[PDB]
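Structure record follows, encoded as C-alpha coordinates.
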Amino acid sequence: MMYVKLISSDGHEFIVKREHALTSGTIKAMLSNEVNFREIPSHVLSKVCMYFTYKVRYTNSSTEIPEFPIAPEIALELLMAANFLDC
Amino acid sequence: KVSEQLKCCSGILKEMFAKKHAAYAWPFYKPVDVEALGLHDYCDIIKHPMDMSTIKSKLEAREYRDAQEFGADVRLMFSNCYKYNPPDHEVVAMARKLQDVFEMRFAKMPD
Amino acid sequence: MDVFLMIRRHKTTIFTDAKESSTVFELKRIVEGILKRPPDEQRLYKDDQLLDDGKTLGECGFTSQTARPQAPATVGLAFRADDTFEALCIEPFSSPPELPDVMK
Amino acid sequence: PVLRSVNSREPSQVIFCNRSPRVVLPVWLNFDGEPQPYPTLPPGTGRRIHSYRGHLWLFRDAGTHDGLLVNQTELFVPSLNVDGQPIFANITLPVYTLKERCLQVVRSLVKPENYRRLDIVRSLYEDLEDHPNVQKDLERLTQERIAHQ
(Lines give C-alpha, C1' and ligand atoms only; values in the text may rest on other atoms or scores of the structure.)
Protein backbone atom coordinates (compact mmCIF):
# COMPACT_ATOMS: atom_id res chain seq x y z
CA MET A 1 0.00 0.00 0.00
CA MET A 2 0.95 3.70 -0.33
CA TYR A 3 2.49 5.10 2.89
CA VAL A 4 2.48 8.73 4.16
CA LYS A 5 4.70 10.52 6.72
CA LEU A 6 2.95 12.34 9.61
CA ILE A 7 5.41 14.60 11.50
CA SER A 8 4.64 15.92 15.01
CA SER A 9 5.53 19.35 16.48
CA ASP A 10 8.49 17.83 18.43
CA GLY A 11 9.90 16.15 15.27
CA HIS A 12 8.68 12.54 15.45
CA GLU A 13 8.02 10.98 12.02
CA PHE A 14 5.10 8.51 11.80
CA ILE A 15 4.84 6.37 8.63
CA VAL A 16 1.27 5.01 8.25
CA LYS A 17 -0.63 3.67 5.22
CA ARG A 18 -2.40 6.27 3.03
CA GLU A 19 -5.78 4.45 3.43
CA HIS A 20 -5.38 4.62 7.26
CA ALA A 21 -4.56 8.37 7.14
CA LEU A 22 -7.63 9.12 4.92
CA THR A 23 -9.79 8.27 7.99
CA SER A 24 -8.93 11.90 8.90
CA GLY A 25 -10.91 14.38 6.73
CA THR A 26 -8.31 17.12 7.38
CA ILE A 27 -5.49 14.93 5.96
CA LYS A 28 -7.79 13.89 3.04
CA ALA A 29 -8.08 17.61 2.11
CA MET A 30 -4.37 18.41 2.81
CA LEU A 31 -3.13 15.80 0.26
CA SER A 32 -5.59 16.33 -2.64
CA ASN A 33 2.39 13.34 -0.05
CA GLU A 34 4.37 14.30 3.10
CA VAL A 35 2.24 16.04 5.79
CA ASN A 36 3.47 18.13 8.78
CA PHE A 37 1.71 19.39 11.97
CA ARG A 38 3.01 22.42 13.95
CA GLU A 39 0.80 22.03 17.08
CA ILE A 40 0.24 18.28 17.77
CA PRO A 41 2.91 16.56 19.98
CA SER A 42 4.39 13.06 19.43
CA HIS A 43 2.47 11.07 22.09
CA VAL A 44 -0.85 12.52 20.82
CA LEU A 45 -0.11 11.90 17.09
CA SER A 46 1.09 8.33 17.93
CA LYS A 47 -2.30 7.68 19.62
CA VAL A 48 -4.13 9.11 16.56
CA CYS A 49 -2.28 6.54 14.37
CA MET A 50 -3.35 3.75 16.78
CA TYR A 51 -6.97 4.87 16.19
CA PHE A 52 -6.53 4.68 12.38
CA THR A 53 -5.30 1.07 12.80
CA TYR A 54 -8.25 0.40 15.19
CA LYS A 55 -10.81 2.13 12.91
CA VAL A 56 -9.72 0.48 9.60
CA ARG A 57 -9.58 -2.96 11.29
CA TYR A 58 -12.84 -3.08 13.29
CA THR A 59 -15.04 -1.21 10.72
CA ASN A 60 -17.62 -3.57 9.07
CA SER A 61 -16.34 -6.23 11.52
CA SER A 62 -18.61 -9.10 12.65
CA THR A 63 -15.94 -9.82 15.32
CA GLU A 64 -17.09 -7.97 18.49
CA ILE A 65 -15.22 -4.65 18.83
CA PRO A 66 -13.03 -3.80 21.89
CA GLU A 67 -13.12 -0.37 23.62
CA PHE A 68 -10.60 2.17 22.28
CA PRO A 69 -8.55 3.12 25.39
CA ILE A 70 -7.66 6.76 26.22
CA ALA A 71 -5.69 7.48 29.43
CA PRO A 72 -6.97 10.47 31.51
CA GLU A 73 -3.94 12.73 30.83
CA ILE A 74 -3.77 12.42 27.00
CA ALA A 75 -7.62 12.76 26.77
CA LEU A 76 -7.59 16.60 26.67
CA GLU A 77 -4.91 16.96 23.95
CA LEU A 78 -6.34 14.01 21.96
CA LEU A 79 -9.84 15.60 22.04
CA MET A 80 -8.44 18.81 20.47
CA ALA A 81 -6.31 16.79 18.00
CA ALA A 82 -9.39 14.72 17.01
CA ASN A 83 -11.43 17.94 16.56
CA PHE A 84 -8.63 19.41 14.38
CA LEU A 85 -8.18 16.23 12.27
CA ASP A 86 -11.99 15.70 11.87
CA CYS A 87 -12.42 12.01 12.78
CA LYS B 1 -61.50 -49.35 31.98
CA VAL B 2 -59.05 -46.63 33.15
CA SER B 3 -56.55 -47.05 30.23
CA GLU B 4 -59.50 -46.26 27.90
CA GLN B 5 -59.92 -42.80 29.49
CA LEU B 6 -56.14 -42.08 29.85
CA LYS B 7 -55.89 -42.38 26.02
CA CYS B 8 -58.90 -40.01 25.61
CA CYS B 9 -56.99 -37.60 27.94
CA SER B 10 -54.13 -37.58 25.40
CA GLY B 11 -56.68 -36.79 22.63
CA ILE B 12 -57.85 -33.71 24.59
CA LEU B 13 -54.32 -32.31 25.09
CA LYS B 14 -53.64 -32.79 21.32
CA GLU B 15 -56.62 -30.48 20.56
CA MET B 16 -55.38 -27.96 23.19
CA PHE B 17 -51.98 -27.87 21.38
CA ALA B 18 -53.58 -27.90 17.86
CA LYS B 19 -53.44 -24.77 15.63
CA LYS B 20 -57.27 -24.46 15.99
CA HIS B 21 -56.91 -23.23 19.62
CA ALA B 22 -53.51 -21.56 19.04
CA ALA B 23 -54.40 -17.89 19.67
CA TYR B 24 -55.22 -18.35 23.41
CA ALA B 25 -53.24 -21.52 24.38
CA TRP B 26 -49.66 -20.44 23.52
CA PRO B 27 -48.70 -19.21 27.07
CA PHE B 28 -49.57 -22.64 28.58
CA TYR B 29 -47.55 -24.78 26.09
CA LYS B 30 -44.15 -24.65 27.87
CA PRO B 31 -43.25 -23.84 31.54
CA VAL B 32 -43.36 -20.26 32.91
CA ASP B 33 -39.93 -18.75 32.13
CA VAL B 34 -39.46 -16.62 35.29
CA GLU B 35 -36.18 -15.20 33.86
CA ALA B 36 -37.66 -14.11 30.48
CA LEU B 37 -40.93 -12.73 31.96
CA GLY B 38 -38.92 -11.31 34.92
CA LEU B 39 -41.16 -12.74 37.66
CA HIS B 40 -38.99 -12.89 40.83
CA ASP B 41 -42.13 -13.27 43.02
CA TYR B 42 -43.66 -16.17 40.97
CA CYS B 43 -41.86 -19.07 42.74
CA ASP B 44 -42.93 -17.74 46.19
CA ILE B 45 -46.64 -17.47 45.19
CA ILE B 46 -47.00 -20.62 43.01
CA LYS B 47 -45.77 -23.61 45.08
CA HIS B 48 -46.48 -26.22 42.33
CA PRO B 49 -45.98 -24.93 38.72
CA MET B 50 -47.51 -26.75 35.70
CA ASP B 51 -47.81 -26.50 31.88
CA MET B 52 -49.17 -28.54 28.91
CA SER B 53 -45.67 -29.79 27.88
CA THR B 54 -45.21 -31.20 31.43
CA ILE B 55 -48.64 -32.95 31.33
CA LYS B 56 -47.78 -34.36 27.85
CA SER B 57 -44.61 -36.01 29.28
CA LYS B 58 -46.54 -37.56 32.22
CA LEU B 59 -49.17 -39.11 29.87
CA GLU B 60 -46.41 -40.72 27.74
CA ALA B 61 -44.53 -41.84 30.91
CA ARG B 62 -47.76 -43.42 32.39
CA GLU B 63 -47.41 -41.24 35.54
CA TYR B 64 -51.20 -40.60 35.90
CA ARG B 65 -52.96 -43.40 37.87
CA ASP B 66 -56.30 -42.44 36.24
CA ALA B 67 -57.99 -39.68 34.15
CA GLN B 68 -58.98 -37.85 37.39
CA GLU B 69 -55.29 -37.11 38.22
CA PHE B 70 -54.80 -35.79 34.63
CA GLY B 71 -57.56 -33.19 35.22
CA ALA B 72 -56.03 -31.99 38.53
CA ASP B 73 -52.83 -30.93 36.67
CA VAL B 74 -54.77 -29.25 33.81
CA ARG B 75 -56.82 -27.39 36.45
CA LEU B 76 -53.65 -26.63 38.51
CA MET B 77 -52.21 -25.01 35.34
CA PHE B 78 -55.15 -22.54 35.08
CA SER B 79 -55.46 -22.28 38.91
CA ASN B 80 -51.85 -20.98 39.08
CA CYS B 81 -52.54 -18.47 36.25
CA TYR B 82 -55.69 -17.19 38.05
CA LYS B 83 -53.89 -17.10 41.43
CA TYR B 84 -50.92 -15.02 40.20
CA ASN B 85 -52.59 -12.56 37.77
CA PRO B 86 -55.40 -10.01 38.39
CA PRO B 87 -58.95 -10.62 36.99
CA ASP B 88 -58.66 -8.17 34.04
CA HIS B 89 -55.26 -9.58 32.87
CA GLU B 90 -54.93 -10.88 29.27
CA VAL B 91 -53.39 -14.28 30.19
CA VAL B 92 -56.40 -14.85 32.52
CA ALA B 93 -58.87 -14.12 29.66
CA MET B 94 -56.97 -16.66 27.50
CA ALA B 95 -56.75 -19.13 30.46
CA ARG B 96 -60.58 -19.05 30.71
CA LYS B 97 -60.97 -19.44 26.90
CA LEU B 98 -58.75 -22.58 26.85
CA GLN B 99 -60.20 -23.99 30.14
CA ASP B 100 -63.80 -23.74 28.80
CA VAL B 101 -62.65 -25.96 25.86
CA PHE B 102 -60.96 -28.51 28.20
CA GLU B 103 -63.99 -28.61 30.57
CA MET B 104 -66.32 -29.28 27.59
CA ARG B 105 -64.22 -32.29 26.40
CA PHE B 106 -63.31 -33.63 29.88
CA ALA B 107 -67.06 -33.57 30.75
CA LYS B 108 -68.08 -35.38 27.51
CA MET B 109 -65.47 -38.17 27.94
CA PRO B 110 -67.06 -41.69 27.73
CA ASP B 111 -66.98 -44.19 30.65
CA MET C 1 -4.43 -13.90 14.07
CA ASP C 2 -2.74 -10.66 12.91
CA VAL C 3 -0.26 -8.70 15.09
CA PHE C 4 -0.02 -4.88 14.95
CA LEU C 5 3.42 -3.33 15.44
CA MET C 6 5.34 -0.07 15.93
CA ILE C 7 8.73 -0.42 14.17
CA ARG C 8 10.78 2.43 15.70
CA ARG C 9 14.30 3.83 15.13
CA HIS C 10 15.54 7.18 16.55
CA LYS C 11 12.45 9.45 15.98
CA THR C 12 10.91 7.30 13.19
CA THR C 13 7.86 5.06 13.79
CA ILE C 14 6.20 2.69 11.25
CA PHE C 15 2.65 1.50 11.97
CA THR C 16 2.21 -1.77 10.04
CA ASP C 17 0.25 -5.02 10.48
CA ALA C 18 1.64 -8.57 10.13
CA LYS C 19 0.78 -12.19 11.03
CA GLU C 20 2.05 -14.43 13.86
CA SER C 21 3.12 -16.89 11.11
CA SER C 22 5.24 -14.25 9.26
CA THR C 23 9.02 -14.10 9.87
CA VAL C 24 11.39 -11.34 11.04
CA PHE C 25 13.02 -11.41 7.57
CA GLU C 26 9.56 -10.87 5.97
CA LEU C 27 9.11 -7.94 8.42
CA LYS C 28 12.50 -6.50 7.28
CA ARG C 29 11.14 -6.61 3.67
CA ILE C 30 8.39 -4.19 4.87
CA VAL C 31 11.10 -1.91 6.35
CA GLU C 32 13.05 -2.16 3.03
CA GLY C 33 9.93 -1.24 0.98
CA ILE C 34 9.49 1.92 3.10
CA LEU C 35 13.00 3.04 4.25
CA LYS C 36 14.99 1.69 1.20
CA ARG C 37 17.21 -0.32 3.64
CA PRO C 38 17.93 -4.02 2.83
CA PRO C 39 17.52 -6.80 5.49
CA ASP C 40 21.32 -7.37 5.81
CA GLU C 41 21.61 -3.70 6.96
CA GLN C 42 18.83 -4.15 9.60
CA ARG C 43 18.68 -5.24 13.27
CA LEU C 44 15.16 -5.77 14.71
CA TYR C 45 14.80 -6.05 18.52
CA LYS C 46 12.10 -6.98 21.07
CA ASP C 47 12.83 -4.64 24.03
CA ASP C 48 16.57 -5.50 24.43
CA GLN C 49 16.38 -9.02 22.88
CA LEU C 50 17.74 -9.30 19.30
CA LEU C 51 15.53 -11.28 16.85
CA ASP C 52 16.56 -13.96 14.31
CA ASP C 53 15.56 -13.72 10.62
CA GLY C 54 14.32 -17.36 10.48
CA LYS C 55 12.09 -17.24 13.61
CA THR C 56 8.44 -16.08 13.33
CA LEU C 57 6.87 -13.08 15.13
CA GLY C 58 4.74 -15.55 17.16
CA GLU C 59 7.94 -17.43 18.15
CA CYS C 60 9.59 -14.08 19.07
CA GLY C 61 6.74 -13.36 21.56
CA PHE C 62 4.50 -10.98 19.55
CA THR C 63 1.00 -12.45 20.08
CA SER C 64 -2.18 -10.95 18.56
CA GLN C 65 -3.70 -10.82 22.08
CA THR C 66 -0.88 -8.60 23.43
CA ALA C 67 -0.09 -6.65 20.21
CA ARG C 68 -3.50 -5.17 19.19
CA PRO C 69 -4.49 -2.37 16.72
CA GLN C 70 -5.26 0.16 19.51
CA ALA C 71 -2.25 -1.04 21.61
CA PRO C 72 0.48 -2.20 19.15
CA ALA C 73 3.74 -3.75 20.45
CA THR C 74 6.97 -1.82 19.73
CA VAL C 75 9.79 -3.30 17.59
CA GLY C 76 13.30 -1.81 17.89
CA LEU C 77 15.29 -0.99 14.72
CA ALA C 78 18.99 -0.19 14.13
CA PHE C 79 20.73 0.27 10.74
CA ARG C 80 24.33 -0.39 9.62
CA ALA C 81 26.85 2.39 8.80
CA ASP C 82 30.57 2.07 7.86
CA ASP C 83 30.09 -1.76 7.87
CA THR C 84 29.17 -1.70 11.61
CA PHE C 85 25.73 -1.80 13.33
CA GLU C 86 24.65 1.06 15.62
CA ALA C 87 23.42 0.31 19.15
CA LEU C 88 19.60 0.33 19.37
CA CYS C 89 18.31 3.89 19.94
CA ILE C 90 14.63 4.93 20.21
CA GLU C 91 13.79 8.50 21.29
CA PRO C 92 10.68 8.47 23.55
CA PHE C 93 7.52 10.50 22.81
CA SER C 94 6.70 13.81 24.56
CA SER C 95 5.15 13.80 28.06
CA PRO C 96 1.41 14.56 28.61
CA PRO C 97 0.71 17.39 31.14
CA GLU C 98 -0.07 16.28 34.74
CA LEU C 99 -3.78 15.51 35.37
CA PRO C 100 -5.71 18.79 36.05
CA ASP C 101 -7.66 19.17 39.35
CA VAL C 102 -11.07 18.97 37.56
CA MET C 103 -10.15 15.59 35.99
CA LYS C 104 -8.99 14.16 39.38
CA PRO D 1 -45.90 8.13 15.46
CA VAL D 2 -43.39 6.32 13.18
CA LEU D 3 -40.96 4.33 15.40
CA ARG D 4 -43.16 2.36 17.84
CA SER D 5 -43.86 -1.24 18.93
CA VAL D 6 -46.97 -3.00 17.55
CA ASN D 7 -49.37 -4.32 20.24
CA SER D 8 -49.45 -7.74 18.52
CA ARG D 9 -49.71 -9.89 21.70
CA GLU D 10 -47.79 -12.51 19.64
CA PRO D 11 -44.87 -14.12 21.55
CA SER D 12 -41.22 -13.72 20.51
CA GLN D 13 -38.53 -15.24 22.78
CA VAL D 14 -35.32 -13.15 22.57
CA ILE D 15 -31.80 -13.43 24.04
CA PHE D 16 -30.10 -10.14 24.94
CA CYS D 17 -26.34 -10.75 25.14
CA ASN D 18 -24.09 -7.88 26.24
CA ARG D 19 -20.88 -8.63 24.31
CA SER D 20 -19.52 -5.17 25.21
CA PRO D 21 -17.58 -3.62 28.16
CA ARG D 22 -20.43 -1.18 29.01
CA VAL D 23 -23.32 -1.82 31.43
CA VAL D 24 -26.10 -2.11 28.81
CA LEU D 25 -29.49 -0.39 29.35
CA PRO D 26 -32.23 -2.12 27.26
CA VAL D 27 -34.76 0.49 26.02
CA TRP D 28 -38.22 -0.45 24.67
CA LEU D 29 -40.30 1.92 22.51
CA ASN D 30 -43.93 1.63 23.70
CA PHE D 31 -47.08 1.53 21.50
CA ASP D 32 -47.23 5.37 21.42
CA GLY D 33 -43.43 5.51 20.77
CA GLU D 34 -42.20 6.67 24.22
CA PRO D 35 -39.02 4.79 25.35
CA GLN D 36 -39.23 2.66 28.54
CA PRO D 37 -35.89 1.74 30.25
CA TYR D 38 -35.57 -1.92 31.37
CA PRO D 39 -33.18 -3.44 34.00
CA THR D 40 -29.50 -3.20 32.96
CA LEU D 41 -27.22 -6.01 31.71
CA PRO D 42 -23.66 -6.23 33.18
CA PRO D 43 -20.67 -6.53 30.75
CA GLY D 44 -20.15 -10.00 29.19
CA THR D 45 -23.57 -11.23 30.42
CA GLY D 46 -26.95 -12.10 28.89
CA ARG D 47 -30.39 -13.55 29.63
CA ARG D 48 -33.62 -14.73 27.99
CA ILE D 49 -36.30 -12.09 27.24
CA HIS D 50 -40.00 -12.53 26.44
CA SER D 51 -40.78 -9.78 23.91
CA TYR D 52 -43.53 -9.89 21.25
CA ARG D 53 -43.66 -9.73 17.42
CA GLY D 54 -42.96 -6.26 15.95
CA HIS D 55 -41.51 -4.70 19.13
CA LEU D 56 -38.81 -2.00 18.71
CA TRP D 57 -35.72 -2.09 20.94
CA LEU D 58 -32.49 -0.11 21.31
CA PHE D 59 -29.55 -0.44 23.72
CA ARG D 60 -27.44 2.23 25.47
CA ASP D 61 -24.84 2.60 28.24
CA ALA D 62 -26.65 2.71 31.63
CA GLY D 63 -24.20 5.40 32.86
CA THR D 64 -23.36 7.68 29.91
CA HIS D 65 -26.37 6.81 27.64
CA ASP D 66 -23.90 6.23 24.75
CA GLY D 67 -25.41 4.53 21.67
CA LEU D 68 -24.60 0.83 21.14
CA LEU D 69 -25.26 -1.64 18.27
CA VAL D 70 -27.43 -4.79 18.22
CA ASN D 71 -26.74 -7.16 15.27
CA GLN D 72 -24.65 -4.45 13.48
CA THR D 73 -27.61 -1.99 13.68
CA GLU D 74 -29.20 0.57 16.04
CA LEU D 75 -32.81 -0.75 16.22
CA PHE D 76 -33.76 -4.38 17.01
CA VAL D 77 -37.11 -5.94 15.99
CA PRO D 78 -37.80 -9.65 16.80
CA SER D 79 -39.18 -11.92 14.04
CA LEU D 80 -41.53 -14.81 14.85
CA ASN D 81 -39.77 -17.89 16.29
CA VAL D 82 -38.95 -20.75 13.88
CA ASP D 83 -39.57 -24.14 15.62
CA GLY D 84 -39.77 -22.00 18.82
CA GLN D 85 -36.05 -21.10 18.49
CA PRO D 86 -34.92 -17.89 20.30
CA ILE D 87 -34.06 -14.72 18.31
CA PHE D 88 -30.54 -13.62 19.35
CA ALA D 89 -29.61 -9.94 19.90
CA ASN D 90 -25.80 -9.46 19.95
CA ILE D 91 -25.26 -6.10 21.73
CA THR D 92 -21.77 -4.65 20.97
CA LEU D 93 -19.81 -1.36 20.77
CA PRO D 94 -19.71 0.63 17.51
CA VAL D 95 -16.49 2.05 16.02
CA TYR D 96 -16.73 5.44 17.78
CA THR D 97 -15.15 8.53 16.18
CA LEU D 98 -11.92 9.70 17.88
CA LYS D 99 -13.73 12.98 18.76
CA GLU D 100 -16.90 11.36 20.21
CA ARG D 101 -14.73 8.75 22.01
CA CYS D 102 -12.51 11.54 23.46
CA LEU D 103 -15.68 13.36 24.64
CA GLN D 104 -16.96 10.17 26.40
CA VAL D 105 -13.68 10.00 28.40
CA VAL D 106 -13.66 13.75 29.26
CA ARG D 107 -17.41 13.57 30.12
CA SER D 108 -16.73 10.68 32.57
CA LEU D 109 -13.74 12.42 34.28
CA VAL D 110 -15.21 16.00 34.39
CA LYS D 111 -18.58 17.20 35.81
CA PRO D 112 -20.97 19.31 33.64
CA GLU D 113 -20.17 22.50 35.66
CA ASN D 114 -16.38 22.01 35.16
CA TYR D 115 -16.63 21.80 31.32
CA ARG D 116 -15.88 25.56 31.03
CA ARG D 117 -12.78 25.21 33.29
CA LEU D 118 -10.89 23.23 30.58
CA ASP D 119 -8.11 24.70 28.38
CA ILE D 120 -9.81 23.94 25.03
CA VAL D 121 -11.44 25.72 22.04
CA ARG D 122 -14.83 27.48 22.57
CA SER D 123 -16.67 25.11 20.14
CA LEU D 124 -15.69 22.00 22.21
CA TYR D 125 -17.67 23.35 25.24
CA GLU D 126 -20.93 22.93 23.23
CA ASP D 127 -19.80 19.45 22.04
CA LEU D 128 -19.17 18.24 25.64
CA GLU D 129 -22.45 19.79 26.93
CA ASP D 130 -24.21 18.14 23.94
CA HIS D 131 -24.63 14.76 25.70
CA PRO D 132 -25.98 11.66 23.86
CA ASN D 133 -29.81 11.82 24.06
CA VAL D 134 -32.26 8.99 23.23
CA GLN D 135 -35.16 11.26 22.08
CA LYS D 136 -32.70 13.23 19.87
CA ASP D 137 -31.39 10.01 18.21
CA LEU D 138 -34.96 8.73 17.60
CA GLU D 139 -35.80 12.02 15.78
CA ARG D 140 -32.82 11.36 13.42
CA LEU D 141 -33.78 7.71 12.67
CA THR D 142 -37.42 8.81 12.08
CA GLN D 143 -36.24 11.39 9.48
CA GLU D 144 -33.82 8.84 7.91
CA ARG D 145 -36.72 6.31 7.72
CA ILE D 146 -38.84 8.97 5.88
CA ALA D 147 -35.94 9.75 3.47
CA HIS D 148 -35.70 6.00 2.63
CA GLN D 149 -39.32 5.92 1.30
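Using ideal geometry, Cβ is built from the backbone for each residue, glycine included, and neighbour counts are taken over all protein chains shown. Each answer follows from the model by the rule given with it, or from the source it names; no laboratory read-out is quoted.
Per-residue answers, yes or no, for (1) in contact with a strand residue (DSSP E or B) (Cβ under 7 Å, 6 or more places away or on another chain); (2) of a type outside the set (S, T, Y); (3) at the interface with another protein chain (Cβ under 9 Å from one of its Cβ atoms):
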position: A:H12; (1), (2), (3): yes, yes, yes
position: A:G25; (1), (2), (3): no, yes, no
position: A:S32; (1), (2), (3): no, no, no
position: A:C49; (1), (2), (3): yes, yes, yes
position: A:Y54; (1), (2), (3): no, no, yes
position: A:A82; (1), (2), (3): no, yes, yes
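For segment D:20-42, a residue qualifies if it is more than 18 Å from D:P78 (Cα to Cα), in a loop (DSSP other than H, G, I, E, B) and touching a strand residue (DSSP E or B) at 6+ places or on another chain (Cβ under 6 Å), and the qualifying residues are D:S20, D:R22, D:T40. Screening segment A:67-80 for residues that are within 7 Å of another protein chain (Cβ to nearest Cβ) and not in a helix (DSSP H, G or I) and picking the one that is surrounded by the most Cβ atoms within 10 Å (Cβ to Cβ) gives A:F68.
Of everything in segment C:35-77 that is hydrophobic (A, V, I, L, M, F, W, C) and assigned to a strand (DSSP E or B), the residue that is nearest to A:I65 (Cα to Cα) is C:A73.
Restricting C:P38, C:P100, C:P92 to those that are exposed (fewer than 14 other Cβ atoms within 10 Å of the Cβ) and either within 14 Å of chain A (Cβ to nearest Cβ) or of a type in the set (A, V, I, L, M, F, W, C) (or both) reduces the list to C:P92. Among the residues of segment D:83-99, those identified as part of a loop (DSSP other than H, G, I, E, B), at the interface with chain A (Cβ under 7 Å from one of its Cβ atoms) and touching a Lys or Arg at 6+ places or on another chain (Cβ under 8 Å) are D:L93, D:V95.
On the given criteria, is D:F76 of a type outside the set (S, T, Y), surrounded by 14 or more Cβ atoms within 10 Å (Cβ to Cβ) and either in the same structural domain as D:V14 (by CATH) or in contact with a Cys (Cβ under 6 Å, 6 or more places away or on another chain) (or both)? Judged against the criteria, D:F76 is a match.
Identification of helices (runs of 4 or more DSSP H) wholly contained in segment B:1-94 with 1 or more residues that are among the polar types (S, T, N, Q) yields B:2-17, B:52-60, B:67-84.
For segment C:40-51, the set of residues classified as under 14 Å from the mean Cα position of the chain (by Cα) and within 16 Å of C:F85 (Cα to Cα) consists of C:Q42, C:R43, C:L44, C:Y45, C:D48, C:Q49, C:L50, C:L51, listed by residue number.
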